[PDB]
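This report refers to the structure that appears directly beneath it.
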Amino acid sequence: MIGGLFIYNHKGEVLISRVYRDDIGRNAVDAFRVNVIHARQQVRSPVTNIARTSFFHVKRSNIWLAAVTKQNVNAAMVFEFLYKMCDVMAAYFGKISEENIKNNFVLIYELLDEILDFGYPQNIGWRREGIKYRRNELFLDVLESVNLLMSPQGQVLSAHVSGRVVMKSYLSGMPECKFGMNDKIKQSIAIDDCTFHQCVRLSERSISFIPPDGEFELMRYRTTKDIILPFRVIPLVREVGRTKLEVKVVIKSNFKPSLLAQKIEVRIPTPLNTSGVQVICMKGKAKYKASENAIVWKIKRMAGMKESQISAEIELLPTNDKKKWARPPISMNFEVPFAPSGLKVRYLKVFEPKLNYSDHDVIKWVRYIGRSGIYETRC
Amino acid sequence: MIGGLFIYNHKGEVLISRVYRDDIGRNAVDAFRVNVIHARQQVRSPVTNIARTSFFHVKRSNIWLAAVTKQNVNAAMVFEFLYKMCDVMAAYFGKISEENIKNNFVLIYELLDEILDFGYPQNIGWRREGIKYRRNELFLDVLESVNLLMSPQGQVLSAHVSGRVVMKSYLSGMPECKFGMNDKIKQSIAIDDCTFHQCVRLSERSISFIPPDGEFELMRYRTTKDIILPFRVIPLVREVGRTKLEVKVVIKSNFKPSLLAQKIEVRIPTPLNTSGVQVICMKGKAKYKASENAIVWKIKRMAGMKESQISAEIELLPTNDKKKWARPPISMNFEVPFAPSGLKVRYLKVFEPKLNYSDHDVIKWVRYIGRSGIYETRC
Amino acid sequence: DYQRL
Amino acid sequence: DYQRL
Amino acid sequence: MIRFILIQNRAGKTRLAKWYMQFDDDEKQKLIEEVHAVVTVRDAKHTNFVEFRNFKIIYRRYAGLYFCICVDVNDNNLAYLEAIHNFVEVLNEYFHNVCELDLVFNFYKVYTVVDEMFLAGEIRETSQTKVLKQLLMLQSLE
């Protein structure tokens, strides 16, 4: 299928090139260099075709990934293959850097020859049997990303959470695991949708499997309803003639008072013609940065069911006042030690029928780490 | 000579051990662990002897270096050997870390077997002939360290500069170098004393040599008189009853106005019973840190033949007032782009009689980088 | 942080 | 910085 | 009779010490450092019997744990060694998994157990099952 496969750096030169078919020529890589890196027409599509020649491009670190073919293949498979190539590169030599790429010629050549022939991608499959641990221990990490579009009128415009499971098991033998959570859909939550690892067996739906060795992701899931909102933002904008704006932003901690927030980031929008801003903060530190048109107020810790606010004076430069300032939404970035979804783990039944040790020998470790995704409050 | 040679980490366990003589026993390393790491009697000497057993100890990173013997050897040679061992370790695997030490068993063993037998240290010697450079280029770095003890009464209590030469040559063949500077001892300075690299020939005294390949240090020198003072510090201390101190510190830029200072650090002493300090700065930013008893005022850039000062209010806690506060000296740390010594390079006559290219083919590069050593002003 | 399950 | 010698 | 009881790690951090007679703190702590010094230099291939001045110490290992026992001169040592072994057995069967974190977090439980079968410098209870029953009944009520 795939013939030539070429990679660039930010400087634009060819780094490593191999072609599996007679169809691809140097003209392809040259046109890719000229028409992507050297072409100033930025607006494009992630794929392109010139003179019946398909070009595939993606940028990571400062490295271009170029794939070229003649036929009507499926894009997704090739893209997955490219992601796999990049990921195995990162695994083999950590950070992806130009010299780091360079010092691996034999690795590159042997991998491309093995993993890929003539454009065809070549490559219990998750855990062996000889794994032993006298200290049967497992760790649970609950990672959830909160997404909110918040209206100036006090209604949630959109809300949805992307959640993934991260677990670190160290157990002897071939443990048989049954995951128990409030899947009643009294504690109960509803799973909007979910995708799993290969080890998960379909047969409330519970998860029965033998976990892979070490750290792995059991399942991928999405939640959209009944999401606990971490924060509430109260916008207030006042215009003062043609020289000043009076904007005071209030934020509500929508979680338990016993919970302390960490690394609170609030980005307050200001116009480009802002002549200056005076910062007032009772908690943390507040800064004004005229460059990117933002007011930086950071709160180290601030408890739930509580409130914090910033008093700001936004001094405007007189300008073409007829075209009014279109207010961007108020964005906040934060990390919470709880899951906004509300998931509750009933149990994790892990049993080893083969070896003569009980479930009490397992040290099961659980923690919640919530992250902010897109959290914007329109004003 | 040397028998056992042992190394620890901060946790105290043995990392790598080899003994070249029957005299040394495990009792030595055990006593070293107990009586150094586990003994709370800090005040010691860098060497020690117990029950006729000499122990040699030095700490770098978090790593102890232990050497033990029975006989009356010269210490300096063994210490140089230890420094050589540490330096070759750093060269071979960069940062010295516990796992970094650990992952080099074969290296450690082969080096100890080769470099050292029964306690006896084993190991034109600076440049070969086949070195070629079509772009004959050399770089000069002038590094000088300024040391000052400054009186409250306006006299220099002590002044001396430790200077080293750093040069990066890339030239073809076997260049014959003559270094030219104002060694008149009209531009002229006096060399108080100097030591050289092995390549330097004795036969005003000029330096004639063939430089080693790449970067190397030509000579080590010390200067004590006719040193250009980079800065002048003006201390002023006022007592306000038993609750406050009024200290205002003025600094003079003793260099050319066209020269801009970089990363100016001023440490203003305050008593431990300081209840608070209010910071005032017209240039840069000023901070008060009650923890370490200092006032932090940093100046990004400030020109020569100019002055800058800090207004400070040092609020004191009432205490046993009879024992007055012994003022530590005012310390400043800075980097200057010039040499405080005043050295001027007349020339660097580099000629290649073998190859048919002239001196004009050499690209000779020079720069001055002055550093602060100990710069304290008593108050 | 991690809590005992 | 470096200056031409 | 039993002088005092020590449980220490490789580094020497003091998690447990229990005395029976009047003793000052400074001598107690210094005794801690030199007994630590004595115990830490040994290994598996040594008899667990040591004599120092007027006292003797019994000390058996578990993974990375130092369990040190101080008694008088004429007591029956290996009997106390068996007692310590049974102590470790009952502590292991208590948690279904014994670890240092159990000592860190169940220090009061350890206090209650040692009081339940170590008092006044002598063994108080030797039967494992009765200790377990007493533990179950006393853990029940608040």
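Chain lettering (A, B, ...) mirrors the order of the structure tokens, residue numbering begins at 1 for each chain separately, and ligand numbering begins at 1 in order of display.
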Any idea what's packed within 9 Å of residue 70 of chain B, counting only C-alpha atoms, ignoring anything in its chain fewer than 3 positions away? Could you give it as a PDB file with N, CA and C atoms, in the first residue's frame?
ATOM      1  N   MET B   1      50.106   0.655  47.941  1.00  0.00           N
ATOM      2  CA  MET B   1      49.839   1.654  48.970  1.00  0.00           C
ATOM      3  C   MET B   1      48.418   1.543  49.509  1.00  0.00           C
ATOM      4  N   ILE B   2      47.455   2.000  48.716  1.00  0.00           N
ATOM      5  CA  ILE B   2      46.056   1.994  49.128  1.00  0.00           C
ATOM      6  C   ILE B   2      45.508   0.579  49.017  1.00  0.00           C
ATOM      7  N   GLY B   3      44.766   0.155  50.035  1.00  0.00           N
ATOM      8  CA  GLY B   3      44.119  -1.138  50.019  1.00  0.00           C
ATOM      9  C   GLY B   3      42.656  -1.016  49.651  1.00  0.00           C
ATOM     10  N   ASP B  23      45.332  -6.006  54.579  1.00  0.00           N
ATOM     11  CA  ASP B  23      45.239  -5.242  55.820  1.00  0.00           C
ATOM     12  C   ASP B  23      43.819  -4.762  56.104  1.00  0.00           C
ATOM     13  N   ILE B  24      43.116  -4.287  55.076  1.00  0.00           N
ATOM     14  CA  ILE B  24      41.818  -3.658  55.284  1.00  0.00           C
ATOM     15  C   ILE B  24      40.743  -4.722  55.483  1.00  0.00           C
ATOM     16  N   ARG B  52      44.781   3.278  65.006  1.00  0.00           N
ATOM     17  CA  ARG B  52      45.714   3.150  63.891  1.00  0.00           C
ATOM     18  C   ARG B  52      44.977   2.663  62.646  1.00  0.00           C
ATOM     19  N   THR B  53      44.051   3.480  62.153  1.00  0.00           N
ATOM     20  CA  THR B  53      43.362   3.241  60.892  1.00  0.00           C
ATOM     21  C   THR B  53      42.933   4.579  60.316  1.00  0.00           C
ATOM     22  N   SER B  54      43.559   4.970  59.212  1.00  0.00           N
ATOM     23  CA  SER B  54      43.338   6.272  58.601  1.00  0.00           C
ATOM     24  C   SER B  54      42.120   6.221  57.692  1.00  0.00           C
ATOM     25  N   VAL B  73      51.757   7.656  53.807  1.00  0.00           N
ATOM     26  CA  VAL B  73      51.847   8.168  52.439  1.00  0.00           C
ATOM     27  C   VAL B  73      51.612   9.676  52.421  1.00  0.00           C
TER      28      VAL B  73
END
Original post:
If you count only C-alpha atoms, which residues fall within 12 Å of residue 42 of chain E, apart from same-chain ones fewer than 2 positions away, as a ChimeraX atom specification?
Top reply: /B:26-27,30 /E:10,35-40,44-50,59-61,66
May I have the residues from that selection written out with N, CA and C atoms, as a short mmCIF file (atom, residue, chain, number, x, y, z; two decimals), in the first residue's frame?
data_model
loop_
_atom_site.label_atom_id
_atom_site.label_comp_id
_atom_site.auth_asym_id
_atom_site.auth_seq_id
_atom_site.Cartn_x
_atom_site.Cartn_y
_atom_site.Cartn_z
N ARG B 26 36.37 -5.45 56.85
CA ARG B 26 35.01 -4.91 56.84
C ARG B 26 34.78 -3.99 58.04
N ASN B 27 35.52 -4.22 59.13
CA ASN B 27 35.43 -3.36 60.30
C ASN B 27 35.70 -1.90 59.93
N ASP B 30 32.58 -0.48 58.19
CA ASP B 30 31.50 -0.40 59.17
C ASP B 30 31.71 0.77 60.13
N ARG E 10 16.22 -0.41 59.30
CA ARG E 10 17.61 -0.37 58.86
C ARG E 10 18.27 0.96 59.21
N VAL E 35 22.86 0.25 70.86
CA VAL E 35 22.27 -1.05 70.56
C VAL E 35 22.01 -1.13 69.07
N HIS E 36 21.63 0.00 68.45
CA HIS E 36 21.49 0.05 67.00
C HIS E 36 22.81 -0.29 66.32
N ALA E 37 23.90 0.29 66.81
CA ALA E 37 25.22 0.05 66.25
C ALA E 37 25.59 -1.43 66.35
N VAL E 38 25.31 -2.03 67.51
CA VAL E 38 25.63 -3.44 67.72
C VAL E 38 24.82 -4.32 66.77
N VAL E 39 23.52 -4.05 66.65
CA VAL E 39 22.65 -4.95 65.91
C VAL E 39 22.88 -4.81 64.41
N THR E 40 23.13 -3.59 63.93
CA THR E 40 23.14 -3.35 62.49
C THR E 40 24.34 -3.96 61.80
N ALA E 44 22.75 -12.73 58.94
CA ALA E 44 22.00 -13.95 59.20
C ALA E 44 22.86 -15.00 59.90
N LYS E 45 24.10 -15.18 59.43
CA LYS E 45 24.97 -16.25 59.92
C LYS E 45 25.72 -15.82 61.18
N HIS E 46 24.95 -15.56 62.24
CA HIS E 46 25.48 -15.34 63.58
C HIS E 46 24.44 -15.79 64.59
N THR E 47 24.91 -16.36 65.70
CA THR E 47 24.01 -16.74 66.77
C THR E 47 23.33 -15.50 67.34
N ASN E 48 22.05 -15.65 67.68
CA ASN E 48 21.23 -14.50 68.06
C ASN E 48 21.43 -14.15 69.53
N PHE E 49 22.55 -14.58 70.11
CA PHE E 49 22.85 -14.34 71.51
C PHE E 49 24.05 -13.42 71.61
N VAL E 50 23.88 -12.28 72.28
CA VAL E 50 24.95 -11.32 72.48
C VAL E 50 24.99 -10.92 73.95
N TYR E 59 17.46 -10.70 69.08
CA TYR E 59 17.11 -9.84 67.95
C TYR E 59 16.99 -10.66 66.68
N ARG E 60 15.76 -10.84 66.20
CA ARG E 60 15.49 -11.62 65.00
C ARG E 60 14.98 -10.70 63.90
N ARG E 61 15.27 -11.06 62.65
CA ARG E 61 15.00 -10.22 61.50
C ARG E 61 13.73 -10.63 60.77
N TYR E 66 14.30 -4.81 62.49
CA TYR E 66 15.12 -5.22 63.63
C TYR E 66 14.21 -5.25 64.85
#
Original post:
Using only C-alpha atoms, which chain A residues lie at most 10 Å away from chain C, written as a PyMOL selection string?
Top reply: chain A and resi 138-142+337-338+345-348+363-369
Selection export as a compact mmCIF listing (two decimals), in the first residue's frame, atoms kept: C-alpha atoms:
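Generated output (result39.txt):
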# COMPACT_ATOMS: atom_id res chain seq x y z
CA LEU A 138 -2.62 -2.52 43.12
CA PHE A 139 -3.07 1.24 42.66
CA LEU A 140 -6.12 3.08 41.31
CA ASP A 141 -5.96 6.47 39.59
CA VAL A 142 -9.24 8.16 38.66
CA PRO A 337 -8.72 15.55 44.02
CA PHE A 338 -12.20 14.15 43.34
CA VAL A 345 -16.41 1.91 43.50
CA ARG A 346 -18.34 -0.82 45.31
CA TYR A 347 -15.50 -3.35 45.24
CA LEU A 348 -12.82 -5.03 43.16
CA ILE A 363 -3.20 -4.28 48.90
CA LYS A 364 -5.69 -2.21 46.91
CA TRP A 365 -4.93 1.48 46.50
CA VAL A 366 -7.34 4.13 45.22
CA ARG A 367 -7.16 7.87 44.57
CA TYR A 368 -9.05 10.47 42.52
CA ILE A 369 -7.35 13.07 40.30
**OP:** Could the residues of chain B within 10 Å of chain E, counting only C-alpha atoms, be given as a list in words, please?
**Re:** residues 11, 12, 13, 26, 27, 30, 31, 33, 34, 35, 38 and 39 of chain B
Original post:
What are the DSSP alpha helix (DSSP H) residues of segment 105-185 of chain A, as a ChimeraX atom specification?
Top reply: /A:105-115
Restrict the selected residues to N, CA, C and O atoms and save them as a compact mmCIF listing (two decimals), in the first residue's frame.
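Final file, part.txt:
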# COMPACT_ATOMS: atom_id res chain seq x y z
N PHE A 105 19.85 5.19 13.62
CA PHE A 105 19.72 4.68 12.25
C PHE A 105 19.35 3.21 12.20
O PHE A 105 18.41 2.83 11.49
N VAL A 106 20.09 2.36 12.92
CA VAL A 106 19.85 0.92 12.85
C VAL A 106 18.47 0.58 13.40
O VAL A 106 17.76 -0.27 12.86
N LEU A 107 18.07 1.26 14.47
CA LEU A 107 16.74 1.06 15.05
C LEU A 107 15.67 1.40 14.02
O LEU A 107 14.74 0.61 13.80
N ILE A 108 15.80 2.57 13.39
CA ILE A 108 14.82 3.02 12.40
C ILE A 108 14.72 2.00 11.28
O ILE A 108 13.62 1.58 10.90
N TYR A 109 15.88 1.58 10.75
CA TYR A 109 15.88 0.71 9.57
C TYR A 109 15.31 -0.66 9.90
O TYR A 109 14.47 -1.19 9.16
N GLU A 110 15.73 -1.26 11.02
CA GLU A 110 15.23 -2.58 11.37
C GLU A 110 13.73 -2.53 11.67
O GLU A 110 12.99 -3.44 11.29
N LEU A 111 13.27 -1.46 12.33
CA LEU A 111 11.85 -1.36 12.65
C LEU A 111 11.02 -1.19 11.38
O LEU A 111 10.01 -1.87 11.20
N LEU A 112 11.46 -0.31 10.48
CA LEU A 112 10.70 -0.08 9.25
C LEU A 112 10.68 -1.34 8.39
O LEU A 112 9.66 -1.65 7.76
N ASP A 113 11.79 -2.07 8.35
CA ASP A 113 11.81 -3.32 7.60
C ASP A 113 10.91 -4.37 8.24
O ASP A 113 10.26 -5.15 7.52
N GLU A 114 10.84 -4.41 9.57
CA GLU A 114 10.06 -5.44 10.25
C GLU A 114 8.58 -5.07 10.33
O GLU A 114 7.71 -5.86 9.95
N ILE A 115 8.28 -3.88 10.84
CA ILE A 115 6.90 -3.49 11.14
C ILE A 115 6.12 -3.27 9.85
O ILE A 115 4.89 -3.31 9.84
Original post:
Could you pull the residues within 12 Å of residue 25 of chain B, counting only C-alpha atoms, minus those fewer than 4 positions along the same chain, as a ChimeraX atom specification?
Top reply: /B:3-6,17-21,29-32,53,68-70
Selection file, N, CA, C and O atoms, as a PDB file, in the first residue's frame:
ATOM      1  N   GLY B   3      44.766   0.155  50.035  1.00  0.00           N
ATOM      2  CA  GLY B   3      44.119  -1.138  50.019  1.00  0.00           C
ATOM      3  C   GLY B   3      42.656  -1.016  49.651  1.00  0.00           C
ATOM      4  O   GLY B   3      42.313  -0.927  48.469  1.00  0.00           O
ATOM      5  N   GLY B   4      41.785  -1.019  50.654  1.00  0.00           N
ATOM      6  CA  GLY B   4      40.369  -0.871  50.394  1.00  0.00           C
ATOM      7  C   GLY B   4      40.013   0.519  49.900  1.00  0.00           C
ATOM      8  O   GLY B   4      40.649   1.515  50.242  1.00  0.00           O
ATOM      9  N   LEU B   5      38.971   0.573  49.072  1.00  0.00           N
ATOM     10  CA  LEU B   5      38.432   1.837  48.581  1.00  0.00           C
ATOM     11  C   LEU B   5      36.921   1.682  48.500  1.00  0.00           C
ATOM     12  O   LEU B   5      36.425   0.855  47.731  1.00  0.00           O
ATOM     13  N   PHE B   6      36.197   2.473  49.290  1.00  0.00           N
ATOM     14  CA  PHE B   6      34.766   2.271  49.478  1.00  0.00           C
ATOM     15  C   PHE B   6      34.035   3.578  49.223  1.00  0.00           C
ATOM     16  O   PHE B   6      34.601   4.658  49.420  1.00  0.00           O
ATOM     17  N   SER B  17      32.779  -1.583  46.351  1.00  0.00           N
ATOM     18  CA  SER B  17      33.929  -1.766  47.225  1.00  0.00           C
ATOM     19  C   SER B  17      34.946  -2.674  46.552  1.00  0.00           C
ATOM     20  O   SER B  17      34.575  -3.695  45.965  1.00  0.00           O
ATOM     21  N   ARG B  18      36.219  -2.297  46.642  1.00  0.00           N
ATOM     22  CA  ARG B  18      37.321  -3.141  46.200  1.00  0.00           C
ATOM     23  C   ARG B  18      38.500  -2.906  47.131  1.00  0.00           C
ATOM     24  O   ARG B  18      38.797  -1.759  47.475  1.00  0.00           O
ATOM     25  N   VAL B  19      39.162  -3.986  47.534  1.00  0.00           N
ATOM     26  CA  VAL B  19      40.283  -3.925  48.464  1.00  0.00           C
ATOM     27  C   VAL B  19      41.501  -4.531  47.783  1.00  0.00           C
ATOM     28  O   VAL B  19      41.432  -5.644  47.251  1.00  0.00           O
ATOM     29  N   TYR B  20      42.616  -3.799  47.803  1.00  0.00           N
ATOM     30  CA  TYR B  20      43.844  -4.227  47.147  1.00  0.00           C
ATOM     31  C   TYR B  20      44.869  -4.815  48.107  1.00  0.00           C
ATOM     32  O   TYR B  20      45.964  -5.183  47.667  1.00  0.00           O
ATOM     33  N   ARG B  21      44.553  -4.918  49.396  1.00  0.00           N
ATOM     34  CA  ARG B  21      45.527  -5.368  50.378  1.00  0.00           C
ATOM     35  C   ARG B  21      44.823  -6.180  51.456  1.00  0.00           C
ATOM     36  O   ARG B  21      43.631  -5.993  51.702  1.00  0.00           O
ATOM     37  N   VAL B  29      35.067  -0.301  56.989  1.00  0.00           N
ATOM     38  CA  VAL B  29      33.927   0.318  56.316  1.00  0.00           C
ATOM     39  C   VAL B  29      32.757   0.477  57.283  1.00  0.00           C
ATOM     40  O   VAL B  29      32.022   1.473  57.237  1.00  0.00           O
ATOM     41  N   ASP B  30      32.580  -0.483  58.192  1.00  0.00           N
ATOM     42  CA  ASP B  30      31.498  -0.400  59.167  1.00  0.00           C
ATOM     43  C   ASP B  30      31.714   0.767  60.125  1.00  0.00           C
ATOM     44  O   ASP B  30      30.778   1.519  60.422  1.00  0.00           O
ATOM     45  N   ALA B  31      32.944   0.923  60.615  1.00  0.00           N
ATOM     46  CA  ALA B  31      33.290   2.024  61.502  1.00  0.00           C
ATOM     47  C   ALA B  31      33.168   3.350  60.771  1.00  0.00           C
ATOM     48  O   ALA B  31      32.798   4.361  61.373  1.00  0.00           O
ATOM     49  N   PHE B  32      33.491   3.366  59.478  1.00  0.00           N
ATOM     50  CA  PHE B  32      33.322   4.580  58.690  1.00  0.00           C
ATOM     51  C   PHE B  32      31.850   4.961  58.596  1.00  0.00           C
ATOM     52  O   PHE B  32      31.485   6.134  58.734  1.00  0.00           O
ATOM     53  N   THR B  53      44.051   3.480  62.153  1.00  0.00           N
ATOM     54  CA  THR B  53      43.362   3.241  60.892  1.00  0.00           C
ATOM     55  C   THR B  53      42.933   4.579  60.316  1.00  0.00           C
ATOM     56  O   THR B  53      42.053   5.247  60.867  1.00  0.00           O
ATOM     57  N   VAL B  68      41.264   4.141  52.911  1.00  0.00           N
ATOM     58  CA  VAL B  68      41.848   3.643  54.154  1.00  0.00           C
ATOM     59  C   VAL B  68      43.209   3.026  53.854  1.00  0.00           C
ATOM     60  O   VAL B  68      43.377   2.326  52.851  1.00  0.00           O
ATOM     61  N   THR B  69      44.182   3.288  54.728  1.00  0.00           N
ATOM     62  CA  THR B  69      45.518   2.725  54.599  1.00  0.00           C
ATOM     63  C   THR B  69      46.154   2.581  55.975  1.00  0.00           C
ATOM     64  O   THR B  69      45.600   3.019  56.986  1.00  0.00           O
ATOM     65  N   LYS B  70      47.337   1.961  55.998  1.00  0.00           N
ATOM     66  CA  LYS B  70      48.092   1.726  57.226  1.00  0.00           C
ATOM     67  C   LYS B  70      49.380   2.539  57.288  1.00  0.00           C
ATOM     68  O   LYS B  70      49.920   2.750  58.379  1.00  0.00           O
TER      69      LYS B  70
END
Original post:
Per DSSP on the backbone, what are the strand (DSSP E or B) residues of segment 67-293 of chain B, as a ChimeraX atom specification?
Top reply: /B:67-69,116-117,120-121,136-150,156-170,176-181,193-196,201,207-209,214-216,219-223,231-234,237-240,244-253,260,262-269,274-281,285-289
Original post:
Residues at most 10 Å from residue 96 of chain B, counting only C-alpha atoms, excluding those fewer than 2 positions away in the same chain, as a list in words?
Top reply: residues 60, 61, 62, 63, 86, 87, 89, 90, 91, 92, 93, 94, 98, 99, 100 and 101 of chain B
**OP:** Please identify all polymer residues within 8 Å of segment 268-283 of chain B, counting only C-alpha atoms, omitting same-chain residues fewer than 2 positions from it, and present them as a VMD selection string.
**Re:** chain B and resid 249 266 285 to 288 290 293 to 297 299 308 to 319 325 327 to 331
